[PDB]
file start_39.cif (mmCIF, N, CA and C atoms)
data_target
#
loop_
_atom_site.label_atom_id
_atom_site.label_comp_id
_atom_site.auth_asym_id
_atom_site.auth_seq_id
_atom_site.Cartn_x
_atom_site.Cartn_y
_atom_site.Cartn_z
N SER A 1 34.31 73.44 -36.32
CA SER A 1 35.59 72.72 -36.67
C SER A 1 36.56 73.84 -37.06
N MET A 2 37.68 73.51 -37.70
CA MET A 2 38.70 74.46 -37.99
C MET A 2 38.26 75.63 -38.85
N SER A 3 38.39 76.85 -38.30
CA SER A 3 37.85 78.06 -38.95
C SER A 3 36.28 78.08 -39.12
N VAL A 4 35.54 77.32 -38.33
CA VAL A 4 34.07 77.24 -38.45
C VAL A 4 33.54 77.28 -37.03
N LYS A 5 33.12 78.49 -36.60
CA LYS A 5 32.72 78.69 -35.19
C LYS A 5 31.29 79.05 -35.04
N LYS A 6 30.56 78.37 -34.14
CA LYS A 6 29.26 78.81 -33.59
C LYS A 6 29.36 80.26 -33.09
N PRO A 7 28.26 81.02 -33.10
CA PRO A 7 28.27 82.39 -32.56
C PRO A 7 28.72 82.52 -31.07
N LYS A 8 29.48 83.60 -30.76
CA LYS A 8 29.99 83.82 -29.37
C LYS A 8 28.88 84.14 -28.31
N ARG A 9 28.37 83.12 -27.60
CA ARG A 9 27.68 83.32 -26.28
C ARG A 9 28.49 84.17 -25.24
N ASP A 10 27.88 85.27 -24.75
CA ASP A 10 28.60 86.25 -23.93
C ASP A 10 28.78 85.61 -22.54
N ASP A 11 30.03 85.38 -22.18
CA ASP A 11 30.36 84.71 -20.91
C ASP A 11 30.99 85.66 -19.91
N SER A 12 30.95 86.95 -20.18
CA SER A 12 31.79 87.90 -19.44
C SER A 12 31.28 88.20 -18.01
N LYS A 13 29.98 87.99 -17.82
CA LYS A 13 29.33 88.09 -16.53
C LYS A 13 29.22 86.77 -15.75
N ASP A 14 29.72 85.68 -16.29
CA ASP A 14 29.54 84.35 -15.67
C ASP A 14 30.14 84.31 -14.25
N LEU A 15 31.36 84.80 -14.11
CA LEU A 15 32.05 84.82 -12.82
C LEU A 15 31.26 85.54 -11.73
N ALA A 16 30.79 86.72 -12.05
CA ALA A 16 29.95 87.49 -11.16
C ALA A 16 28.67 86.84 -10.81
N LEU A 17 28.01 86.28 -11.80
CA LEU A 17 26.76 85.59 -11.58
C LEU A 17 26.89 84.26 -10.73
N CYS A 18 27.89 83.45 -11.03
CA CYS A 18 28.16 82.27 -10.19
C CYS A 18 28.47 82.68 -8.72
N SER A 19 29.20 83.80 -8.55
CA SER A 19 29.49 84.34 -7.20
C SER A 19 28.19 84.71 -6.48
N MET A 20 27.25 85.35 -7.19
CA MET A 20 25.95 85.66 -6.64
C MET A 20 25.13 84.48 -6.26
N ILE A 21 25.07 83.49 -7.13
CA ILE A 21 24.39 82.28 -6.80
C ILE A 21 24.99 81.62 -5.52
N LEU A 22 26.29 81.56 -5.45
CA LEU A 22 27.01 80.92 -4.39
C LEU A 22 26.70 81.66 -3.10
N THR A 23 26.60 82.99 -3.16
CA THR A 23 26.27 83.83 -1.99
C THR A 23 24.88 83.49 -1.51
N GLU A 24 23.98 83.29 -2.42
CA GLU A 24 22.63 82.93 -2.06
C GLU A 24 22.61 81.54 -1.42
N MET A 25 23.40 80.62 -1.94
CA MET A 25 23.47 79.27 -1.36
C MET A 25 24.13 79.35 0.05
N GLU A 26 25.21 80.11 0.21
CA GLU A 26 25.87 80.26 1.48
C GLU A 26 24.98 80.83 2.60
N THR A 27 24.03 81.67 2.24
CA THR A 27 23.16 82.36 3.18
C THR A 27 21.82 81.66 3.38
N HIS A 28 21.56 80.54 2.70
CA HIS A 28 20.33 79.81 2.88
C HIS A 28 20.36 79.13 4.26
N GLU A 29 19.22 79.08 4.92
CA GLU A 29 19.24 78.49 6.25
C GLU A 29 19.60 77.06 6.31
N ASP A 30 19.33 76.30 5.27
CA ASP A 30 19.69 74.92 5.20
C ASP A 30 21.11 74.66 4.61
N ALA A 31 21.94 75.66 4.53
CA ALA A 31 23.29 75.49 4.02
C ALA A 31 24.26 74.88 5.05
N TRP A 32 23.90 74.87 6.33
CA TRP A 32 24.84 74.49 7.40
C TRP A 32 25.57 73.14 7.25
N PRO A 33 24.98 72.10 6.65
CA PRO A 33 25.80 70.89 6.48
C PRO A 33 26.89 71.02 5.45
N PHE A 34 26.88 72.13 4.68
CA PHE A 34 27.67 72.25 3.42
C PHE A 34 28.66 73.37 3.42
N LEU A 35 28.72 74.16 4.50
CA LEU A 35 29.48 75.38 4.53
C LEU A 35 30.99 75.12 4.60
N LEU A 36 31.37 74.06 5.28
CA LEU A 36 32.78 73.68 5.47
C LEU A 36 33.02 72.22 5.12
N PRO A 37 34.27 71.85 4.81
CA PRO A 37 34.56 70.45 4.57
C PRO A 37 34.25 69.54 5.75
N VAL A 38 33.73 68.35 5.42
CA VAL A 38 33.44 67.33 6.43
C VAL A 38 34.78 66.99 7.06
N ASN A 39 34.79 66.89 8.38
CA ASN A 39 36.02 66.65 9.13
C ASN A 39 36.31 65.16 9.02
N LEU A 40 37.27 64.85 8.19
CA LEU A 40 37.57 63.44 7.89
C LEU A 40 38.19 62.67 9.02
N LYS A 41 38.67 63.38 10.04
CA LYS A 41 39.17 62.73 11.27
C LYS A 41 38.03 62.40 12.19
N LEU A 42 36.90 63.10 12.11
CA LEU A 42 35.84 62.90 13.08
C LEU A 42 34.62 62.21 12.55
N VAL A 43 34.51 61.95 11.24
CA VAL A 43 33.29 61.37 10.71
C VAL A 43 33.68 60.05 10.11
N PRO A 44 33.34 58.98 10.84
CA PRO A 44 33.65 57.64 10.35
C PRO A 44 33.02 57.36 9.00
N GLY A 45 33.80 56.74 8.18
CA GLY A 45 33.32 56.27 6.87
C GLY A 45 33.54 57.31 5.76
N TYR A 46 33.68 58.60 6.12
CA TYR A 46 33.54 59.68 5.06
C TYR A 46 34.65 59.65 4.08
N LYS A 47 35.84 59.48 4.64
CA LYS A 47 37.04 59.43 3.82
C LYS A 47 37.06 58.34 2.80
N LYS A 48 36.68 57.13 3.22
CA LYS A 48 36.74 55.99 2.33
C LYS A 48 35.60 55.96 1.31
N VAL A 49 34.44 56.40 1.76
CA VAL A 49 33.27 56.32 0.95
C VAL A 49 33.18 57.43 -0.08
N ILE A 50 33.55 58.64 0.31
CA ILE A 50 33.26 59.84 -0.55
C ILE A 50 34.56 60.18 -1.21
N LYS A 51 34.64 59.79 -2.47
CA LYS A 51 35.90 59.85 -3.21
C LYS A 51 36.29 61.29 -3.57
N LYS A 52 35.31 62.18 -3.75
CA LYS A 52 35.58 63.58 -4.05
C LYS A 52 34.76 64.48 -3.13
N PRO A 53 35.26 64.76 -1.93
CA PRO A 53 34.54 65.68 -1.02
C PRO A 53 34.49 67.07 -1.61
N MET A 54 33.38 67.75 -1.36
CA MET A 54 33.21 69.12 -1.85
C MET A 54 32.26 69.82 -0.87
N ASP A 55 32.48 71.13 -0.73
CA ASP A 55 31.75 71.97 0.17
C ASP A 55 31.73 73.41 -0.41
N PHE A 56 30.87 74.25 0.14
CA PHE A 56 30.71 75.62 -0.34
C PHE A 56 31.95 76.48 -0.13
N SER A 57 32.65 76.33 0.99
CA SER A 57 33.90 77.09 1.19
C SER A 57 34.97 76.81 0.17
N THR A 58 35.09 75.56 -0.20
CA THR A 58 36.04 75.06 -1.15
C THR A 58 35.65 75.57 -2.55
N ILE A 59 34.36 75.57 -2.85
CA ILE A 59 33.91 76.11 -4.15
C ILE A 59 34.19 77.59 -4.17
N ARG A 60 33.92 78.29 -3.05
CA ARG A 60 34.18 79.74 -3.01
C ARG A 60 35.69 80.06 -3.23
N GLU A 61 36.55 79.33 -2.60
CA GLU A 61 38.02 79.54 -2.78
C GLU A 61 38.42 79.27 -4.27
N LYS A 62 37.93 78.16 -4.85
CA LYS A 62 38.19 77.81 -6.24
C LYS A 62 37.68 78.94 -7.17
N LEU A 63 36.49 79.46 -6.90
CA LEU A 63 35.90 80.52 -7.71
C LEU A 63 36.75 81.83 -7.64
N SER A 64 37.14 82.18 -6.43
CA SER A 64 37.96 83.33 -6.15
C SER A 64 39.41 83.32 -6.69
N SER A 65 39.92 82.18 -7.11
CA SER A 65 41.31 81.99 -7.47
C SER A 65 41.45 81.46 -8.90
N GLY A 66 40.38 81.59 -9.71
CA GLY A 66 40.45 81.16 -11.13
C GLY A 66 40.61 79.72 -11.37
N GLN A 67 40.03 78.87 -10.50
CA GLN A 67 40.14 77.43 -10.70
C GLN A 67 38.95 76.78 -11.38
N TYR A 68 37.95 77.59 -11.73
CA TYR A 68 36.87 77.13 -12.67
C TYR A 68 37.08 77.65 -14.08
N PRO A 69 37.32 76.73 -15.02
CA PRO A 69 37.52 77.27 -16.36
C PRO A 69 36.26 77.78 -16.99
N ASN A 70 35.10 77.29 -16.57
CA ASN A 70 33.84 77.77 -17.19
C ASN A 70 32.67 77.48 -16.24
N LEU A 71 31.48 77.95 -16.58
CA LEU A 71 30.36 77.84 -15.62
C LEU A 71 29.93 76.35 -15.46
N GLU A 72 30.19 75.45 -16.43
CA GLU A 72 29.85 74.05 -16.25
C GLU A 72 30.70 73.32 -15.19
N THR A 73 31.97 73.69 -15.04
CA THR A 73 32.81 73.03 -14.05
C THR A 73 32.34 73.53 -12.67
N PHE A 74 31.88 74.77 -12.60
CA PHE A 74 31.32 75.33 -11.33
C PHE A 74 30.08 74.52 -10.92
N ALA A 75 29.15 74.35 -11.88
CA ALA A 75 27.91 73.58 -11.59
C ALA A 75 28.21 72.14 -11.19
N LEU A 76 29.24 71.55 -11.78
CA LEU A 76 29.65 70.18 -11.45
C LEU A 76 30.04 70.04 -9.97
N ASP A 77 30.78 71.01 -9.47
CA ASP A 77 31.20 70.99 -8.05
C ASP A 77 30.02 71.24 -7.10
N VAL A 78 29.12 72.16 -7.47
CA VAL A 78 27.94 72.38 -6.66
C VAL A 78 27.14 71.08 -6.57
N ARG A 79 26.88 70.47 -7.74
CA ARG A 79 26.10 69.21 -7.76
C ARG A 79 26.81 68.09 -7.02
N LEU A 80 28.16 68.05 -7.07
CA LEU A 80 28.94 67.11 -6.28
C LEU A 80 28.64 67.22 -4.80
N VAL A 81 28.48 68.46 -4.32
CA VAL A 81 28.10 68.66 -2.92
C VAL A 81 26.79 67.84 -2.55
N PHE A 82 25.79 67.93 -3.42
CA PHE A 82 24.53 67.29 -3.15
C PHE A 82 24.49 65.81 -3.43
N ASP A 83 25.23 65.39 -4.42
CA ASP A 83 25.47 63.99 -4.71
C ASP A 83 26.17 63.27 -3.61
N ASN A 84 27.19 63.88 -3.01
CA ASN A 84 27.86 63.35 -1.85
C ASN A 84 26.94 63.26 -0.66
N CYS A 85 26.16 64.31 -0.45
CA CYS A 85 25.18 64.31 0.62
C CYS A 85 24.19 63.15 0.49
N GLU A 86 23.71 62.93 -0.73
CA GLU A 86 22.76 61.81 -0.94
C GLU A 86 23.41 60.43 -0.73
N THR A 87 24.66 60.31 -1.10
CA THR A 87 25.44 59.09 -0.87
C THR A 87 25.60 58.69 0.59
N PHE A 88 25.77 59.67 1.48
CA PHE A 88 26.10 59.44 2.82
C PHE A 88 24.97 59.58 3.82
N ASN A 89 23.87 60.21 3.44
CA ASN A 89 22.84 60.56 4.38
C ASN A 89 21.51 60.01 3.90
N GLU A 90 20.73 59.53 4.86
CA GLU A 90 19.37 59.07 4.54
C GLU A 90 18.53 60.31 4.12
N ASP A 91 17.66 60.09 3.12
CA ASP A 91 16.66 61.11 2.70
C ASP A 91 15.84 61.69 3.88
N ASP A 92 15.48 60.84 4.84
CA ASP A 92 14.67 61.22 6.01
C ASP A 92 15.59 61.45 7.23
N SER A 93 16.51 62.39 7.06
CA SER A 93 17.38 62.91 8.12
C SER A 93 17.38 64.41 7.86
N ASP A 94 17.70 65.19 8.85
CA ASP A 94 17.80 66.60 8.64
C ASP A 94 18.83 66.97 7.54
N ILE A 95 19.98 66.31 7.52
CA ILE A 95 21.01 66.64 6.55
C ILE A 95 20.56 66.19 5.15
N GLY A 96 19.94 65.02 5.07
CA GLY A 96 19.43 64.50 3.81
C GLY A 96 18.37 65.42 3.19
N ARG A 97 17.44 65.90 4.00
CA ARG A 97 16.44 66.88 3.58
C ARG A 97 17.08 68.24 3.19
N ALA A 98 18.06 68.70 3.99
CA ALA A 98 18.80 69.88 3.63
C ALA A 98 19.37 69.80 2.23
N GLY A 99 19.97 68.67 1.88
CA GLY A 99 20.59 68.51 0.61
C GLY A 99 19.61 68.50 -0.54
N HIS A 100 18.46 67.81 -0.39
CA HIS A 100 17.45 67.92 -1.41
C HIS A 100 16.92 69.32 -1.60
N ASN A 101 16.71 70.06 -0.51
CA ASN A 101 16.21 71.41 -0.60
C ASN A 101 17.22 72.35 -1.32
N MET A 102 18.48 72.23 -0.92
CA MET A 102 19.55 73.06 -1.51
C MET A 102 19.79 72.77 -2.99
N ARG A 103 19.67 71.54 -3.34
CA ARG A 103 19.79 71.16 -4.76
C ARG A 103 18.67 71.81 -5.59
N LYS A 104 17.43 71.66 -5.08
CA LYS A 104 16.30 72.33 -5.73
C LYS A 104 16.51 73.85 -5.82
N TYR A 105 16.93 74.51 -4.72
CA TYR A 105 17.21 75.88 -4.72
C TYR A 105 18.23 76.30 -5.79
N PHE A 106 19.32 75.53 -5.85
CA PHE A 106 20.38 75.80 -6.77
C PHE A 106 19.89 75.71 -8.22
N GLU A 107 19.21 74.62 -8.51
CA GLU A 107 18.85 74.30 -9.86
C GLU A 107 17.88 75.33 -10.46
N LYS A 108 16.97 75.83 -9.62
CA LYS A 108 16.16 76.98 -10.01
C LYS A 108 16.97 78.27 -10.31
N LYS A 109 17.88 78.67 -9.41
CA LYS A 109 18.72 79.85 -9.68
C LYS A 109 19.53 79.64 -10.96
N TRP A 110 20.01 78.43 -11.18
CA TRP A 110 20.83 78.11 -12.34
C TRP A 110 20.05 78.31 -13.68
N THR A 111 18.89 77.70 -13.76
CA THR A 111 17.95 77.87 -14.86
C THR A 111 17.53 79.28 -15.06
N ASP A 112 17.08 79.96 -13.99
CA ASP A 112 16.72 81.35 -14.11
C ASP A 112 17.84 82.28 -14.52
N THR A 113 19.07 81.99 -14.14
CA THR A 113 20.16 82.89 -14.45
C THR A 113 20.72 82.71 -15.87
N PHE A 114 20.82 81.47 -16.33
CA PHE A 114 21.61 81.10 -17.49
C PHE A 114 20.80 80.43 -18.62
N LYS A 115 19.55 80.00 -18.39
CA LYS A 115 18.82 79.13 -19.36
C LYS A 115 17.44 79.71 -19.74
#

call {"tool": "encode", "arguments": {"input": "start_39.cif", "output": "structure tokens"}}
result
Amino acid sequence: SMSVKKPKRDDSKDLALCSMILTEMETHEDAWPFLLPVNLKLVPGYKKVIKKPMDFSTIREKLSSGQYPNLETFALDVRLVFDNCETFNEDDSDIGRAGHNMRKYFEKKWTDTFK
């Protein structure tokens, strides 16, 4: 509260570390459904159904331009990618399986890096 602060957790490497994680996600073989924004002109239903589209390119641009105020808003966008994937794709489809795998991959790097 006012003039009463918890000890300073060192956040000075967060930007670099989120960039590294993102690089690892970008280079994973199952990243292909997630690398670019879904083409809303060519994919029926996507626009109306998925209220907040998100993809790795968009996260990378946001990261590169200071649009994440902290590492939690970064994780929120990554998880949005997989949440959207689960919303639109059957679990037993290549894209659906890709999304479960990438989520697992991410969540391990996240825990290992920060927790």

call {"tool": "atom_distance", "arguments": {"input": "start_39.cif", "atom1": "CA of residue 74 in chain A", "atom2": "CA of residue 60 in chain A"}}
result
9.8 Å

call {"tool": "residues_around", "arguments": {"input": "start_39.cif", "residues": "residue 77 in chain A", "least_positions_apart": "5", "cutoff": "10 Å", "atoms": "only C-alpha atoms", "output": "PyMOL selection string"}}
result
chain A and resi 52-56+58-59+62+68+72+82-83

call {"tool": "residues_around", "arguments": {"input": "start_39.cif", "residues": "range 20-22 of chain A", "least_positions_apart": "2", "cutoff": "8 Å", "atoms": "all atoms listed in the file", "output": "list in words"}}
result
residues 14, 15, 16, 17, 18, 24, 25, 26, 27, 28, 56, 59, 60, 106, 109 and 110 of chain A

call {"tool": "atom_distance", "arguments": {"input": "start_39.cif", "atom1": "atom N of residue 89 in chain A", "atom2": "atom N of residue 75 in chain A"}}
result
21.5 Å

call {"tool": "atom_distance", "arguments": {"input": "start_39.cif", "atom1": "atom N of residue 35 in chain A", "atom2": "atom N of residue 11 in chain A"}}
result
29.0 Å

call {"tool": "closest_residue", "arguments": {"input": "start_39.cif", "among": "A:30, A:45, A:113, A:79", "to": "residue 99 in chain A", "atoms": "only N, CA and C atoms"}}
result
A:30

call {"tool": "resolve_selection", "arguments": {"input": "start_39.cif", "expression": "the PyMOL selection byres (((chain A and resi 100 and name CA) around 10) and name CA)", "output": "NGL selection string"}}
result
:A and (30 or 82-83 or 85-86 or 91 or 95-99 or 101-106)

call {"tool": "write_last_selection", "arguments": {"input": "start_39.cif", "atoms": "N, CA and C atoms", "output": "short mmCIF file (atom, residue, chain, number, x, y, z; two decimals), in the coordinates of the input"}}
result
data_model
loop_
_atom_site.label_atom_id
_atom_site.label_comp_id
_atom_site.auth_asym_id
_atom_site.auth_seq_id
_atom_site.Cartn_x
_atom_site.Cartn_y
_atom_site.Cartn_z
N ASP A 30 19.33 76.30 5.27
CA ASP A 30 19.69 74.92 5.20
C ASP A 30 21.11 74.66 4.61
N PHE A 82 25.79 67.93 -3.42
CA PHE A 82 24.53 67.29 -3.15
C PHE A 82 24.49 65.81 -3.43
N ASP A 83 25.23 65.39 -4.42
CA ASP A 83 25.47 63.99 -4.71
C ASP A 83 26.17 63.27 -3.61
N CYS A 85 26.16 64.31 -0.45
CA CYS A 85 25.18 64.31 0.62
C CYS A 85 24.19 63.15 0.49
N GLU A 86 23.71 62.93 -0.73
CA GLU A 86 22.76 61.81 -0.94
C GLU A 86 23.41 60.43 -0.73
N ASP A 91 17.66 60.09 3.12
CA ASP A 91 16.66 61.11 2.70
C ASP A 91 15.84 61.69 3.88
N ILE A 95 19.98 66.31 7.52
CA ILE A 95 21.01 66.64 6.55
C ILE A 95 20.56 66.19 5.15
N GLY A 96 19.94 65.02 5.07
CA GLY A 96 19.43 64.50 3.81
C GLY A 96 18.37 65.42 3.19
N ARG A 97 17.44 65.90 4.00
CA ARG A 97 16.44 66.88 3.58
C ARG A 97 17.08 68.24 3.19
N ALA A 98 18.06 68.70 3.99
CA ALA A 98 18.80 69.88 3.63
C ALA A 98 19.37 69.80 2.23
N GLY A 99 19.97 68.67 1.88
CA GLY A 99 20.59 68.51 0.61
C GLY A 99 19.61 68.50 -0.54
N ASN A 101 16.71 70.06 -0.51
CA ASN A 101 16.21 71.41 -0.60
C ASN A 101 17.22 72.35 -1.32
N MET A 102 18.48 72.23 -0.92
CA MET A 102 19.55 73.06 -1.51
C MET A 102 19.79 72.77 -2.99
N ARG A 103 19.67 71.54 -3.34
CA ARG A 103 19.79 71.16 -4.76
C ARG A 103 18.67 71.81 -5.59
N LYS A 104 17.43 71.66 -5.08
CA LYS A 104 16.30 72.33 -5.73
C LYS A 104 16.51 73.85 -5.82
N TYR A 105 16.93 74.51 -4.72
CA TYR A 105 17.21 75.88 -4.72
C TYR A 105 18.23 76.30 -5.79
N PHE A 106 19.32 75.53 -5.85
CA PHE A 106 20.38 75.80 -6.77
C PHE A 106 19.89 75.71 -8.22
#

call {"tool": "build_atoms", "arguments": {"input": "start_39.cif", "residues": "range 83-105 of chain A", "atoms": "N, CA, C and O atoms", "output": "compact mmCIF listing (two decimals), in the frame of the given file"}}
result
# COMPACT_ATOMS: atom_id res chain seq x y z
N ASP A 83 25.23 65.39 -4.42
CA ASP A 83 25.47 63.99 -4.71
C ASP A 83 26.17 63.27 -3.61
O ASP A 83 25.70 62.21 -3.23
N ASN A 84 27.19 63.88 -3.01
CA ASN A 84 27.86 63.35 -1.85
C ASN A 84 26.94 63.26 -0.66
O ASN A 84 26.96 62.25 0.11
N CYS A 85 26.16 64.31 -0.45
CA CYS A 85 25.18 64.31 0.62
C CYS A 85 24.19 63.15 0.49
O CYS A 85 23.92 62.42 1.49
N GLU A 86 23.71 62.93 -0.73
CA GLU A 86 22.76 61.81 -0.94
C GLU A 86 23.41 60.43 -0.73
O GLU A 86 22.76 59.48 -0.30
N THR A 87 24.66 60.31 -1.10
CA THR A 87 25.44 59.09 -0.87
C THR A 87 25.60 58.69 0.59
O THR A 87 25.54 57.49 0.90
N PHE A 88 25.77 59.67 1.48
CA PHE A 88 26.10 59.44 2.82
C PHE A 88 24.97 59.58 3.82
O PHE A 88 25.15 59.17 4.99
N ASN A 89 23.87 60.21 3.44
CA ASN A 89 22.84 60.56 4.38
C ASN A 89 21.51 60.01 3.90
O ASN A 89 21.20 59.98 2.70
N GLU A 90 20.73 59.53 4.86
CA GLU A 90 19.37 59.07 4.54
C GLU A 90 18.53 60.31 4.12
O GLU A 90 18.63 61.44 4.75
N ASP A 91 17.66 60.09 3.12
CA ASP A 91 16.66 61.11 2.70
C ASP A 91 15.84 61.69 3.88
O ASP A 91 15.57 62.87 3.94
N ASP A 92 15.48 60.84 4.84
CA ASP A 92 14.67 61.22 6.01
C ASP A 92 15.59 61.45 7.23
O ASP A 92 15.56 60.69 8.26
N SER A 93 16.51 62.39 7.06
CA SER A 93 17.38 62.91 8.12
C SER A 93 17.38 64.41 7.86
O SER A 93 17.01 64.85 6.73
N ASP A 94 17.70 65.19 8.85
CA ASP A 94 17.80 66.60 8.64
C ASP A 94 18.83 66.97 7.54
O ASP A 94 18.57 67.86 6.75
N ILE A 95 19.98 66.31 7.52
CA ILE A 95 21.01 66.64 6.55
C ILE A 95 20.56 66.19 5.15
O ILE A 95 20.76 66.92 4.15
N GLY A 96 19.94 65.02 5.07
CA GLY A 96 19.43 64.50 3.81
C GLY A 96 18.37 65.42 3.19
O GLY A 96 18.44 65.72 1.97
N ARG A 97 17.44 65.90 4.00
CA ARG A 97 16.44 66.88 3.58
C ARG A 97 17.08 68.24 3.19
O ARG A 97 16.69 68.87 2.19
N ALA A 98 18.06 68.70 3.99
CA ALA A 98 18.80 69.88 3.63
C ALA A 98 19.37 69.80 2.23
O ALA A 98 19.30 70.80 1.51
N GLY A 99 19.97 68.67 1.88
CA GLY A 99 20.59 68.51 0.61
C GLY A 99 19.61 68.50 -0.54
O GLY A 99 19.84 69.13 -1.57
N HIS A 100 18.46 67.81 -0.39
CA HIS A 100 17.45 67.92 -1.41
C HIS A 100 16.92 69.32 -1.60
O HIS A 100 16.76 69.77 -2.71
N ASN A 101 16.71 70.06 -0.51
CA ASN A 101 16.21 71.41 -0.60
C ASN A 101 17.22 72.35 -1.32
O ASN A 101 16.87 73.23 -2.15
N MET A 102 18.48 72.23 -0.92
CA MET A 102 19.55 73.06 -1.51
C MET A 102 19.79 72.77 -2.99
O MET A 102 20.10 73.68 -3.78
N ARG A 103 19.67 71.54 -3.34
CA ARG A 103 19.79 71.16 -4.76
C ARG A 103 18.67 71.81 -5.59
O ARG A 103 18.91 72.40 -6.66
N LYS A 104 17.43 71.66 -5.08
CA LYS A 104 16.30 72.33 -5.73
C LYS A 104 16.51 73.85 -5.82
O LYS A 104 16.30 74.42 -6.86
N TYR A 105 16.93 74.51 -4.72
CA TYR A 105 17.21 75.88 -4.72
C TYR A 105 18.23 76.30 -5.79
O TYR A 105 18.05 77.32 -6.53
